[PDB]
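A quick write-up on the structure given underneath.
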Amino acid sequence: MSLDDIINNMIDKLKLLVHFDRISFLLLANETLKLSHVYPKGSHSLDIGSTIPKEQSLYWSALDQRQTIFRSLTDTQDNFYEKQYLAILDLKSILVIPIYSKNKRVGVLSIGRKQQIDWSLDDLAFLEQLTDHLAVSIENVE
């Protein structure tokens, strides 16, 4: 199907399985990371297609480290490029999962909560497995 359908379908499953308020998906093409999908449809401060710069970027930090990063958005002493654009959507918490396949980095999944409720191990294990398959599926489109 389209890349749209792959992401939207993923979002449809998450709605039923995992507590969250906002998700965005970002796509890496040509060493450039771009916002490409947001749920709920209305909720972004950055236009679809915006480029995320590397400097001070939480999303690039996850990609560079090849690690899932969790950040509370209430730490007044912690700024990053994405922060103001997330806080404005009333989010208090962000989970950033870098999406990679066996060959390459593919993108980033950003999962927001309005209430600061810890991520359980079960949810994190489930998301990681789900996003690891997602990377294969996205790669096999192009």
Side-chain angles (χ1 to χ4, degrees), residues 2-30 32-40 42-75 78-127 129-141:
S2 59
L3 178 74
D4 271 6
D5 298 325
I6 288 182
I7 279 95
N8 282 328
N9 166 74
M10 208 237 318
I11 288 165
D12 293 328
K13 295 147 158 200
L14 290 187
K15 285 158 98 157
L16 299 163
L17 290 170
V18 165
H19 170 217
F20 71 96
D21 303 298
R22 200 264 184 169
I23 300 219
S24 67
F25 164 72
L26 299 92
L27 213 213
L28 186 66
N30 293 296
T32 303
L33 215 219
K34 283 147 170 256
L35 213 205
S36 70
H37 295 262
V38 178
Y39 170 85
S43 72
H44 49 248
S45 195
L46 297 170
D47 285 10
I48 298 309
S50 298
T51 294
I52 310 298
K54 293 196 192 191
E55 193 72 24
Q56 280 178 31
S57 165
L58 212 201
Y59 299 170
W60 273 104
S61 181
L63 278 173
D64 292 333
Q65 286 177 230
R66 272 172 148 80
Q67 208 191 123
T68 293
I69 295 177
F70 172 79
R71 225 86 126 199
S72 207
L73 256 32
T74 61
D75 183 358
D78 177 35
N79 192 46
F80 46 94
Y81 173 81
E82 300 86 343
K83 182 159 164 151
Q84 64 169 125
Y85 298 118
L86 298 170
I88 201 172
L89 304 168
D90 304 324
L91 300 172
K92 286 197 171 304
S93 167
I94 200 79
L95 180 66
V96 184
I97 303 182
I99 303 151
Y100 58 119
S101 78
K102 63 173 196 176
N103 293 313
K104 66 178 178 151
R105 303 136 133 201
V106 158
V108 167
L109 189 72
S110 187
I111 311 187
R113 290 173 165 173
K114 299 183 173 197
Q115 290 181 105
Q116 266 228 65
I117 293 157
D118 299 333
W119 282 97
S120 65
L121 194 231
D122 298 323
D123 285 356
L124 296 161
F126 175 77
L127 285 170
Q129 142 270 313
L130 206 266
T131 60
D132 288 348
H133 286 288
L134 207 241
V136 177
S137 297
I138 289 173
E139 191 164 268
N140 273 302
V141 158

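Basis for what follows: all heavy atoms, side chains included, without hydrogens, waters or symmetry-related copies. For this chain, numbers begin at 1 and follow the sequence in order.
For the residue pair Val96 and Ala62, the shortest heavy atom distance occurs at CG1-CB, 3.8 Å. Closest approach of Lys92 to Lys114, counting heavy atoms only: CG-O, 3.2 Å. Closest non-hydrogen pair, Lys83 versus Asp78, comes out as NZ-O, 2.8 Å. Closest non-hydrogen pair, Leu35 versus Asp47, comes out as CD1-O, 3.6 Å. The minimum heavy-atom distance between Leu89 and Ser45, with the atom names listed, is CD2-N, 4.4 Å. A pairwise comparison of heavy atoms in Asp123 and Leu17 identifies OD1-O, 4.5 Å as the closest pair.
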Where do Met10 and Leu109 land on the side-chain contact (heavy atoms from CB on, under 4.5 Å) test, with the steps shown first?
CA-CA 11 Å; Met10 208 237 318; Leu109 189 72; 3.9 Å; yes
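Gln56 is linked by a side-chain contact (heavy atoms from CB on, under 4.5 Å) to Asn79, counting only residues two or more places apart in sequence or in another chain. Scored by the side-chain contact (heavy atoms from CB on, under 4.5 Å) test, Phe70 finds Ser93, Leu95, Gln116, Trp119 as partners (sequence neighbours excluded).
The backbone N or O of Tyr59 sits less than 3.5 Å from a side-chain atom of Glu82, completing a donor-acceptor pair. Remark: the backbone N or O of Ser43 is paired with a side-chain donor or acceptor of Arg22 at under 3.5 angstrom. The main-chain N or O of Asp75 is never found under 3.5 Å from a side-chain atom of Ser72 such that the two would form a donor-acceptor pair. Looking at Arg105, its side chain never comes within 3.5 Å of a backbone N or O of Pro98 through a donor-acceptor pair. Put simply, the side chain of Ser101 gets close to the backbone of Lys104: a donor and an acceptor are under 3.5 Å apart. Judged by distance alone, with hydrogens and angles left aside, the side-chain atoms of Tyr100 form a donor-acceptor pair with the main-chain N or O of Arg66 at under 3.5 Å.
The closest side-chain heavy-atom distance from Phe80 to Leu73 is below 4.5 Å. In this structure the side chain of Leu127 reaches within 4.5 angstrom of the side chain of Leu14, judged on heavy atoms. In this structure, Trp60 and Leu28 have side chains that are in contact, with non-hydrogen atoms separated by less than 4.5 Å. Looking only at side-chain heavy atoms (C-beta outward), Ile99 and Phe25 come within less than 4.5 Å of each other. By the 4.5 Å heavy-atom criterion applied to side chains, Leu134 and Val106 are not counted as neighbours. The side-chain heavy atoms of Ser24 and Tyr85, taken from C-beta on, include no pair separated by under 4.5 Å. Residues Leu130 and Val18 fail the side-chain proximity criterion, which asks for heavy atoms closer than 4.5 Å.
Separating the CG atom in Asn8 from the CG atom in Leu3 is a distance of 9.5 Å, to the nearest 0.5 Å. For the atom pair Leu121 CG and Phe126 CZ, the distance stands at 14.0 Å (nearest 0.5 Å).
Under the 3.5 Å distance criterion, with hydrogens and angles disregarded, no donor-acceptor pair is assigned to the side chains of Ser61 and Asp64.
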